[PDB]
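4 protein chains.
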Amino acid sequence: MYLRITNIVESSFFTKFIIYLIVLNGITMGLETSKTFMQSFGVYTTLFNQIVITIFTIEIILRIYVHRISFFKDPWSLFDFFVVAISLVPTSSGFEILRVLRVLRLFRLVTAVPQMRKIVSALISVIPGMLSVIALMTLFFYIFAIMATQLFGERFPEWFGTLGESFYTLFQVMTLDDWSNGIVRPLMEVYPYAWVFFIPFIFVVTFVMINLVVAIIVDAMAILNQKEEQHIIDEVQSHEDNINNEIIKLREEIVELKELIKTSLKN
Amino acid sequence: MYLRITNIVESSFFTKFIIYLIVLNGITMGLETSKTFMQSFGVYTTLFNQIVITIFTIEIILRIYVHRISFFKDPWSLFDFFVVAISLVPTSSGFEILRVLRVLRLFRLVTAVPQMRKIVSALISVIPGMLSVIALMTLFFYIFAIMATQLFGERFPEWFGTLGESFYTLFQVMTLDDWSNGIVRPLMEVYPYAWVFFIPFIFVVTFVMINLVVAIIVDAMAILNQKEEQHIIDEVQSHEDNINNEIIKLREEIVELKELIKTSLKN
Amino acid sequence: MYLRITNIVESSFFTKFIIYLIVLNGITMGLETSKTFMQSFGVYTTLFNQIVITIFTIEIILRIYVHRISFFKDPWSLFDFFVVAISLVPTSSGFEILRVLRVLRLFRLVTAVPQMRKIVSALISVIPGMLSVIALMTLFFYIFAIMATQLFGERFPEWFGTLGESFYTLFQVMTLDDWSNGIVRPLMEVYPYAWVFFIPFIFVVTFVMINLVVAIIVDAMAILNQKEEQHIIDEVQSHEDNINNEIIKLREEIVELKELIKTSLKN
Amino acid sequence: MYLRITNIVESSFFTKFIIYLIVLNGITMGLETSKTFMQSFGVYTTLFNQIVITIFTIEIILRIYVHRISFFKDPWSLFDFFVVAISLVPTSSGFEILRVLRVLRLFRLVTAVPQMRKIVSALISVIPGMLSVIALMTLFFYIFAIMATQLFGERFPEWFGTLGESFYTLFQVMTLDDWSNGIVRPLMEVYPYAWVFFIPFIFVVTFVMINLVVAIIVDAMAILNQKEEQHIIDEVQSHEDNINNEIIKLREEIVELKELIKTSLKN
Ligand SMILES: C[C@H](CCC(=O)NCCC[N+](C)(C)CCCS(=O)(=O)[O-])[C@H]1CC[C@H]2[C@@H]3[C@H](O)C[C@@H]4C[C@H](O)CC[C@]4(C)[C@H]3C[C@H](O)[C@]12C
Ligand SMILES: C[C@H](CCC(=O)NCCC[N+](C)(C)CCCS(=O)(=O)[O-])[C@H]1CC[C@H]2[C@@H]3[C@H](O)C[C@@H]4C[C@H](O)CC[C@]4(C)[C@H]3C[C@H](O)[C@]12C
Ligand SMILES: C[C@H](CCC(=O)NCCC[N+](C)(C)CCCS(=O)(=O)[O-])[C@H]1CC[C@H]2[C@@H]3[C@H](O)C[C@@H]4C[C@H](O)CC[C@]4(C)[C@H]3C[C@H](O)[C@]12C
Ligand SMILES: C[C@H](CCC(=O)NCCC[N+](C)(C)CCCS(=O)(=O)[O-])[C@H]1CC[C@H]2[C@@H]3[C@H](O)C[C@@H]4C[C@H](O)CC[C@]4(C)[C@H]3C[C@H](O)[C@]12C
Ligand SMILES: C[C@H](CCC(=O)NCCC[N+](C)(C)CCCS(=O)(=O)[O-])[C@H]1CC[C@H]2[C@@H]3[C@H](O)C[C@@H]4C[C@H](O)CC[C@]4(C)[C@H]3C[C@H](O)[C@]12C
Ligand SMILES: C[C@H](CCC(=O)NCCC[N+](C)(C)CCCS(=O)(=O)[O-])[C@H]1CC[C@H]2[C@@H]3[C@H](O)C[C@@H]4C[C@H](O)CC[C@]4(C)[C@H]3C[C@H](O)[C@]12C
Ligand SMILES: [Ca+2]
Ligand SMILES: [Ca+2]
Ligand SMILES: [Ca+2]
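Chains as they are written, first to last, in the deposited numbering: chain D, 1001 to 1267; chain A, 1001 to 1267; chain C, 1001 to 1267; chain B, 1001 to 1267.
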């Protein structure tokens, strides 16, 4: 069975077929957005849906047989797995968010197209080196969220009532979103020094952001420089090695000229 | 006989005449916004617009005569054509929006001045490399527009009731424009976890934008370095040949002292 | 006589004195904003002002004596002149504006501290290359402001009633300042397709800005690379001269014996 | 007593222990944000807070006997010192700002974890270089703050009534926060030319921000290219001397080919 399966799964027809289904299913999901469309064609697309997820379920199964344990070490396959699994949770449930979580299957367009994987992968590649700064930042947010909650939560429960609330508001302030007329001018009417809290906050988060970006650019180009430097330097020291080695064969060719005469009379 | 007219079209005087017209018609169109001006002088100015529109139409004709098919595969000319043709439809119609489009004709200043031409050209040229990421992003908006229509379009039809609406709203949020007090805080009064939707959306969308720019700057530098790697490397292996050929003149000079120095040593 | 003055004006005491007067003047001008401070013992300050204005006028005359015609080819000195100038015109009634323009004379601390002068200078030096992109963007605003007045000014005269008002509003939008809930959502309630105007506008205007920053950085690095690839090439061709010169005479240690041993055959 | 104490504070056990106490205290401090929690667990965590403060204090004392004079010239230990000191001030007072400042001691996670220090340290090194730009900007605000107060203060005391208030409003305008519908448009209802003040303000503060960033980037790369140039020119430095040492050595062995020619002269 294996090779018979393996050769259908690995084919140029298979993945092409899936992509095509994904794109159709994606057009189909936009149409289900229009209740007008749904009362006039909804039955056609409610099962187009149901059989596409059938095909994807089958595809997922075959691919597991064809790849066995190496399937679940694949980030992309793992995603396909979970994003399909989700659509298998019953279309009528107590948790009804999962029905909307079904739309994530359109991200298989990313999974199955290598230009897209390329993009995404490039994007992800910058993150591991940011985690420490992510960390420093989250710790910064958390300390200030605690302070803001103790300082402002009593009189301003909506914005600062709760740590989670102060977290939310501090993010808002970070995005510079209606932070003065909308948040701290109102705070200052009760707490005139509130600006000594939020303006340093704004300096720090903005400083950290910019410099992260700056640091990325500059450190990338410092590696590009090093890699270029060695090339130039290898070429300089294989080419100036010859001019050194060629003159030595002349410094030598004259000392052997010299001896030829050093054994002239002698005898 | 192309050539009789062809020398007129290619002349310094034809182009400068048109640029002079554009800048004049452009001054004209401004004053046409003043309602008081259109009393005291509206008739003079409608005249000028009709004159200019004629002149422009002729110049396009000549230019098609001179350039023939090469005219309709030149984007600059295509734009001049589509912007002049538009400007020729009757000022009173069913869709009178075209009356407003004829101000686009002022962009011929860009089109006719090579300095400007080159700016616009430089700007356009980052786009083809980007088309993939623009596609990722559009797909991203689209998936999120659908989810957002479903999650919030019932209670918030103005912001999310229709897919286009969710799109519009999602763009506003990307620009960070009044996104918390104006959209998300309202949403959370009905849907307390709505921050689980918009804050990741903001993270992804900002992250992509920043990394696109970063990736442009770093990779531009990379090729700036590749070619200066090759200029330097080509010169150290050129200079070596300059030392080399005036060292092959110390080769013959001692292989000729090689042939004849034991000859000088006779008995 | 000229030198006796010149040696005063050029001394580290003249400049220290003026800088000192500038900081004091700048401290009192802040104090003058307080009406408390102003009524009780604020007549002291009004005369201090007139003492400083004369001293600066003296400073300027002397400086014109010392530097003569080259004074007025100095942008820093010109700035100094005109800034002290407007502070000389009397507190003419109904010219209330010039009273506050006087404050512009604290920009002399910039004019007079070499460190300040250098940042400012560096900042100015970015501009001459940009004047094309500036022109392009200005024209772009003009075309859009004309279209906007025409499309939106009868129904939204505060925002768009006038070319001027339209420029102002398009600038607000460019800064993404309350652009959607505050301008475009209201517009769309009369004109549902208004998003076809502002969203493209926002794309172009933001695209042009990012790329202007991008192209500055990158083209700077190109120039930075052009310089370092020159120094390398010049230090490579550097000793190539005196190496090829010292071994064409090392070819002449052998070239002589064309006659030193061949004439020995002629005994 | 020393080494024994020294073997304690230098141990991997010591640091790990107090890092765990930081993280633990960090969690309990989040919990103290809850009124529910504080009610039925408060005395449990108010003690833990007292416990931790003592331990950090003995820790600070020990680290001092081990490091002594060096300790007080260590910025991280100075920080450590001072946020522990703050927590050592008694809560009972009129000034209860200090009870909130206690949670600053959680920044000790920054001082205690080397990848943290490294990032904070990287961030800081940016600052001394840009202090001159900061002085320029602060000056610019001050001058404009003064003009603002005198121009708009009487009619708009909330935003401009006072030097300090204008500073605040001008900072809001610089972050582009609700600057037009929120501040400048209202102002233009009384003062139609107010845009002649705020749009230049926006242009300058934006320009300077962007350019500062562009400057850090371009100048960091200028420096990288200098190190790179030297290292490369250093290579051309070593190698174009050892080919002139092989020349002198070629001459020193060719100055044997005029006195060993002295073996001719026989016939
Ligand atoms: C810890 C740093 C950020 C901290 C910071 O803010 N650093 C100061 C920067 C330079 N300054 C301009 C201040 C110059 C000062 C003097 S200098 O002589 O440089 O001019 C981290 C955060 C994310 C990291 C990078 C990314 O993961 C991606 C990338 C992966 C590659 O594996 C190699 C590098 C690279 C570029 C990473 C570099 C660096 O690991 C980064 C910037
Ligand atoms: C517009 C410019 C400049 C000069 C020019 O070509 N002006 C045409 C006038 C018509 N004439 C009758 C005078 C010549 C007819 C025959 S002739 O083929 O010898 O042109 C002409 C120069 C040579 C032309 C291209 C190339 O050829 C190659 C290429 C052929 C393809 O098809 C399509 C495109 C393409 C890129 C051409 C485009 C363009 O059109 C070009 C750029
Ligand atoms: C798809 C990529 C962008 C995706 C991305 O995010 N890419 C790299 C990550 C960079 N990081 C520093 C994060 C990785 C760390 C390791 S690294 O070794 O970078 O230090 C695309 C987007 C736009 C593209 C360019 C532009 O059209 C312009 C330009 C045209 C020229 O014809 C030559 C290339 C160039 C520079 C294009 C290169 C590249 O086609 C780009 C960046
Ligand atoms: C060239 C541009 C305008 C034209 C343009 O819009 N250029 C876009 C390049 C797009 N990309 C970078 C993607 C190309 C990558 C493909 S490529 O194959 O390059 O990798 C102009 C506008 C502003 C100018 C600079 C500034 O005055 C400052 C500065 C002054 C100095 O006097 C010298 C340089 C410098 C850096 C100026 C250089 C440049 O004159 C600039 C960038
Ligand atoms: C550490 C160095 C020198 C190295 C050393 O070793 N110093 C003595 C400790 C010796 N041991 C640890 C070997 C003994 C424990 C024996 S055991 O059987 O317990 O392991 C010496 C140099 C300077 C000395 C101190 C100062 O003058 C003054 C100072 C006053 C204080 O108010 C009390 C003591 C104190 C701290 C002094 C302690 C110690 O003198 C110091 C730190
Ligand atoms: C005062 C200057 C800012 C001046 C400015 O605003 N702009 C320069 C013009 C850039 N342009 C491209 C326009 C030049 C055009 C021609 S050019 O072709 O020469 O590029 C200051 C502000 C911040 C300073 C740096 C940082 O502390 C970090 C860093 C520390 C390191 O210890 C060494 C360098 C470095 C990069 C510092 C360099 C520089 O001391 C900076 C940029
Ligand atoms: Ca905003
Ligand atoms: Ca380089
Ligand atoms: Ca707003």
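Ideal Cβ positions, reconstructed from N, Cα and C, are used throughout, including at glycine.
The alpha helix (DSSP H) that contains residue i, what's its start and end?
i	result
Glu1189 (chain B)	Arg1185 to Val1190
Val1213 (chain A)	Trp1195 to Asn1245
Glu1256 (chain A)	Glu1252 to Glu1259
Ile1248 (chain C)	Where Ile1248 (chain C) is concerned, there is no enclosing alpha helix (DSSP H), given that its DSSP letter is neither H nor E.
Does at least one heavy atom of ligand 3 sit under 8 Å from the Cβ of residue i?
i	result
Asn1211 (chain A)	yes
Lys1227 (chain A)	no
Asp1219 (chain A)	yes
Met1130 (chain D)	no
Less than 8 Å between the CB of residue i and some heavy atom of ligand 2, yes or no?
i	result
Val1205 (chain C)	no
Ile1069 (chain A)	yes
Can you tell me whether residue i is helix, strand or coil according to DSSP?
i	result
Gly1042 (chain D)	helix
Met1001 (chain A)	coil
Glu1154 (chain C)	coil
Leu1088 (chain B)	coil
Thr1263 (chain B)	coil
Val1113 (chain D)	coil
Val1009 (chain A)	helix
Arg1063 (chain D)	helix
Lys1016 (chain C)	helix
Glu1096 (chain C)	helix
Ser1034 (chain A)	coil
Output the distance between the C-alpha atoms of residue i and residue j, rounded to the nearest integer angstrom.
i	j	result
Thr1149 (chain A)	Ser1077 (chain A)	42 Å
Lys1227 (chain B)	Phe1014 (chain A)	54 Å
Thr1006 (chain A)	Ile1051 (chain A)	23 Å
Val1110 (chain C)	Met1116 (chain C)	5 Å
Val1173 (chain B)	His1231 (chain A)	49 Å
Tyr1193 (chain B)	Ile1058 (chain C)	35 Å
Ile1018 (chain B)	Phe1107 (chain B)	13 Å
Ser1093 (chain B)	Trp1179 (chain B)	40 Å
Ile1233 (chain B)	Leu1250 (chain D)	27 Å
residue 1340 (chain D)	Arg1068 (chain D)	Residue coverage of chain D in this structure runs from 1001 to 1267, which leaves residue 1340 (chain D) outside it and unanswerable.
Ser1166 (chain C)	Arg1155 (chain B)	26 Å
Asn1242 (chain B)	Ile1243 (chain C)	11 Å
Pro1186 (chain D)	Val1184 (chain B)	19 Å
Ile1055 (chain D)	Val1084 (chain D)	10 Å
Compute the minimum distance between the beta carbon of residue i and the heavy atoms of ligand 9, and state whether it is under 8 Å.
i	result
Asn1181 (chain C)	yes
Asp1178 (chain A)	yes
Going by the C-beta, is residue i closer than 8 Å to any heavy atom of ligand 1?
i	result
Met1029 (chain B)	no
So does residue i have its beta carbon nearer than 8 Å to some heavy atom of ligand 4?
i	result
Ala1222 (chain B)	no
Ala1135 (chain C)	no
Relative to ligand 6, is the shortest distance from any of its heavy atoms to the C-beta of residue i smaller than 8 Å?
i	result
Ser1121 (chain B)	no
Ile1216 (chain B)	yes
Is residue i near ligand 5, going by C-beta to nearest heavy atom under 8 Å?
i	result
residue 1296 (chain B)	Residue 1296 (chain B) is absent from the structure shown; chain B starts at 1001 and stops at 1267.
Taking the runs of the alpha helix (DSSP H) that are 4 residues or longer, which of them lie wholly in the stretch 1119 to 1182 of chain D?
1131 to 1152, 1157 to 1160 and 1163 to 1174
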